[PDB]
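The data below hold one chain only, encoded as structure tokens and taken in the form deposited in one PDB entry.
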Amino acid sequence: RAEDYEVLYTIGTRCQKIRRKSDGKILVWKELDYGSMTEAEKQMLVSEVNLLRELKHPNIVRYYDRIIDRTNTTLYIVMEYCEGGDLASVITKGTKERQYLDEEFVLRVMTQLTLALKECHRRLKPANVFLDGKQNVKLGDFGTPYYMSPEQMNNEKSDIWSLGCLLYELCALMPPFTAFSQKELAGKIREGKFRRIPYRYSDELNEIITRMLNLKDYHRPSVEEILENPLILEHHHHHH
């Protein structure tokens, strides 16, 4: 079945951009080497991939297929290609070009990732968030821990904290809590103090990101409360 696809190139490490021969459809696959995975593990692997095969949602990276080649003892997980790359590169680009992201773009990310989470909760970091060709935002996969919530370090509201951190970093081009060591990082996170996002961003956007970064999980907004915010409009949602 791997022969049904042509590898175009390796995106990163392997994650490869591929083309399906039957119709030219562009995809990616992740090549997993199960050559050392014991018989006991391979069950934990199969169930994991089958639950990854559960989420059909426009803001979640879509799973298409799984391929085994016992030749190289290699499993290929085939999924949607996201042409716009990851948010980390967008943050990098902004930093290097000394240019803050548009509030409209930040609102799109907030809206569509909240909907992804809403779906995940029913059934998080910049390198795991992808853009497609039409501004749409996609959650994938669904060493200093910049986004670790205070309760996790001492819960659906923990995801809200993490979304708060990501949106903050999209606005400020830096995370809300920074430190040279983990113990210092933990100190800062527990104190819950951070600079306002840049002043080009509205008080309203600052307020919701700040609410997501409340020290108390029960004071952070739910996904439903986030989506009720008057900032969030139809054009911020996914569009085919």
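In this text, the rigid core denotes the largest set of C-alpha atoms whose superposition between the two forms falls within 1.5 Å. Just count from 1 along the sequence shown to find any residue number.
Heads up, the form deposited in another entry isn't pictured, but that's what we're talking about next.
Aligning the rigid core between this form and the one not shown and inspecting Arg195, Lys30, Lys188, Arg200, the C-alpha positions shift by 2 Å or more at one residue, which is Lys30.
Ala172: CA moves less than 2 Å between this form and the one not shown after rigid-core fitting.
After superposition on the rigid core, the Cα of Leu75 moves by 2 Å or more between this form and the one not shown.
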